[PDB]
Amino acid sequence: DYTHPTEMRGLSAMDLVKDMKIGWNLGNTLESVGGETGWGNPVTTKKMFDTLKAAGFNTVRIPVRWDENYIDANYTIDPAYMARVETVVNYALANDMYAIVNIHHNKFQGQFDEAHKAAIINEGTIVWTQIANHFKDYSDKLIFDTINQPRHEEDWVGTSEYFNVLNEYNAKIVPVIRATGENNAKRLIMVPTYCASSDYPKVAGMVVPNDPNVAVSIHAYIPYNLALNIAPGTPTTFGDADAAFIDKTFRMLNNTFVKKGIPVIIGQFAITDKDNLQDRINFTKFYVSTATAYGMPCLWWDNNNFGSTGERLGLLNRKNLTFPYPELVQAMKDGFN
């Protein structure tokens, strides 16, 4: 009985972004090595999305690695894999939630340099032409994100050379998507800075494509030592200096992009569990409140990890569809509203 929605309201990027609200990433799933279950998470179900919707989420980002599912030597995507991505998109769209599809951890993600520029633009063009064509009649609640964390190797600082390669990639991919037509001519497209970083050199090095319907993609697990560094002995308290760093970063993103009419989406953020629940509540409330002041939706990175090791970023326990830390969901709501 269900058919995918096709509605195109023709909203400006600013109006679309304003409607996105509180969000969530399907982490360590379709971007895993070995497919959906390759990093130990279960097969995704609609009931998981139903649970997120009932809890107050409105947007789901769906990381997708594509390059283990090429069926030939020219980046042709297996229809069965494309169909799985579409099924998961529809778990969100059937709940009237936004769904973001990207390229995430393809090998070329780490090849944003002059030595590989022609090859990465060619692969990205061929892949995005297929994704865009497959979804061209889909409603405006489907959003595309051109590349997850583009970089050279594991250089998270970057150089102008690499920043410029990314600018050329984004400047080619956006019109490639538009030219496939139908709703893709009017769909929001997200374009990242280098590494999707909010550090000022990446922000200043960014050239947003000459397209009036794009948003900048930022991933900001900040400050790093509190929010994402999992080493023992690292900071656990959310204090004045941490809040100040977040506020400065968001004011700067507002100055560079939002005040110039270009919206920003915080496509990933979180604070890792260091057995510091109250600090995580205070962090999350502060973070979302600050982002909301500048119209930036925040999408929590949920990897379904509730164990003792690794990046402890789970919110929805996917085994039984529960929230063991409901206070963190409530903190997002309290920051947003």
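So that there is no doubt, residue numbering starts at 1 and follows the sequence shown.
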| item | value |
| --- | --- |
| Selected stretch [higher average CA B-factor]: 165-173 or 151-159 | 151-159 |
| Stretch exceeding the other in mean C-alpha B-factor - 32-40, 62-70 | 32-40 |
| Most elevated Cα B-factor in the entry, residues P192, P223, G233, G267 | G233 |
| CA B-factor ranking of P209, expressed as a third of its chain | middle |
| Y200 - which third its CA temperature factor falls in, relative to the rest of the chain | highest |
| Within-chain third of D140 by Cα B-factor, per the entry | middle |
| CA B-factor ranking of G261, expressed as a third of its chain | highest |
| CA B-factor ranking of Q278, expressed as a third of its chain | middle |
